Every structure is written in structure tokens, then in C-alpha cells.
């Protein structure tokens, strides 16, 4: 099938390969959907003398064809992508054991955990908050320019690297949209309902503009310091609440220009939402 074809083409296929003997695995940093990520260290990694501390993405126990598919796809995507606000790939190990992707280690963990262990003024201004949002916007403008739809943009999918630098990660669900400017999935998707654009939920259509919708949910998360979207509202209720025109209220400690920006990422019509370029301009304005 499509998968066995990919796996065999992959096993037959550069400068992405890394000796498994030079990689040492350590504690688990995170799990969840699709994979496991462990802290690691790599000896003589792409020109760097000695050890570099890295993160290693692998298949969890009992992986389905779907999670294997997502791992190989994330690898194919990350090889093409380069940007200061996108996670960096160093290589992979595929030869004498499990498939492992060697990626950039982020000193501060996920954006969601980073926010949750902090407070509004770890102390963080709303100027830091908006700075976070902005770095992500630039990241996203870049991937949009690459004709790439992330699909799974969320605080748990952004890493905080050294310097409090945002890195977009988790390219498992990302899809190329060069040809048609849309990705359409016939079956039910694996993105959390509460982050999906209204057209993705009802019609299974994903574009840069539905990434825009997720970005609005992610702003909400940033502003709330790691709150849970639509708190206390079950996911199945979202179909009707969204189509009947309902949206999350302005949270506490949110400025009107920020909430105004979220509201615009959640317009029903994908065309009436801003594009990442104009989002970034909006945030840079707010940040002064």
C-alpha cells in the first residue's frame, strides 16, 4: 500500500544518516499522539566536535501504520524546512534498529508547559507573551510561503528554545499544498477538535487560512498562560456552537486589540481571516 511503498523506498534511500553508535538516549521528555521524544546526546553530529545534546523522536510502543506514516512524513518535511522559528533536523537513524529522528533540543520544553509554570506581570510581561506569538507568526509565514499547511498548531506543539526562542514542531500532520492550495482528508482527522477551523471540522478542508484559525486558538492559549480552549464545553458541542457563530469570550488580562486579532482568525470565511504577514505586523504594533 502507500505505506509499504514508503518504507521500502526509505530503506533503499544521504547526509541525513547518523551512526546509531554515536547516539545516546536518555529520559523521556514527552509523549502523546504519534510519537515519543527522549533527551539524547550525539557524538560528532554534523561537524560539531564532541557531544551535542539533542532530542530524539521515535515510535511509541505498539505503533499503528498511521503513526509510522506520520513519523516518515515529519522526516520528509523537516529535511526541506529551515527557519529560526522552526525546529531543526540533524538526521535520523534507520539502519540497525528502530527509526529515530534526531532533532533540536529545546531547553525550556513545550510552550504549554512553559506558560503553565509561569505568571503574568516565572514572571512574564504581556510584552513577552506577544513576542512569543510574533515569533510563531514569522515561523508560520515562512511555512505558508513554502506552501506547507502545519494542521496541528497549538501551544503543546511549540517549543521554547534558548533565549526564550519559539520553535514550531510536530510536522507529523503537515501537508504539501503547492498544487491546489488545500489539503483535503476524506476520513476523520487526528487534530484535536478544539483547534480545528470550522471548514476543517465540517468539510475536511485544510489551508493556510485554517492554520490561521489554529493560530487564533494558540493566541488564546498564550494570553491565558496555558488555559484549555472552550473550557468545560465538550468537543462534540463544537460543531453546533461554531456553525451558529459562537466563539470564545475575551479572556482575562487580554487587551482588546489582541482579542480582536483572535476574533479575526476565527472568521467563518477563510478569506476574511488575516494572513500570517498581517498577523505579524499586528503583533509588532501591539508589542510597543
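Positions refer to the first chain, counted from 1. The term rigid core refers to the maximal set of C-alpha atoms that superpose within 1.5 Å between the two forms.
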{"item": "Rigid core superposition result in 5 other deposited structures of this protein, more deviant of 29 to 37, 43 to 51 by Cα", "value": "29 to 37"}
{"item": "Divergent stretch in 5 other deposited structures of this protein, 122 to 130 or 207 to 215 [C-alpha RMS, superposed by the core]", "value": "122 to 130"}
{"item": "Residue 12 unmodelled in at least a third of other compared entries", "value": "no"}
{"item": "Count class of coordinate-free deposited residues lying between the neighbours residue 13 and residue 14", "value": "1 to 3"}
{"item": "Residues of the deposited sequence left unbuilt between residue 122 and residue 121", "value": "10 or more"}
{"item": "Comparing 153 to 161 with 127 to 135, the one whose average Cα B-factor in the PDB entry is higher", "value": "127 to 135"}
{"item": "Stretch with the greater mean C-alpha B-factor as recorded in the entry, comparing 107 to 115 against 196 to 204", "value": "107 to 115"}
{"item": "Highest recorded Cα temperature factor - choice among 253, 66, 28, 41", "value": "253"}
{"item": "Peak C-alpha temperature factor (PDB record), options 75, 178, 90, 215", "value": "178"}
{"item": "Ranked against its chain, the third holding the CA B-factor of residue 82", "value": "middle"}
{"item": "Residue 94 CA temperature factor, ranked by third within the chain", "value": "highest"}
{"item": "B-factor third for the C-alpha atom of residue 275 within its chain", "value": "middle"}
{"item": "Residue 56 - which third its CA temperature factor falls in, relative to the rest of the chain", "value": "lowest"}
{"item": "Residue 70 by Cα B-factor - lowest, middle or highest third of the modelled chain", "value": "lowest"}
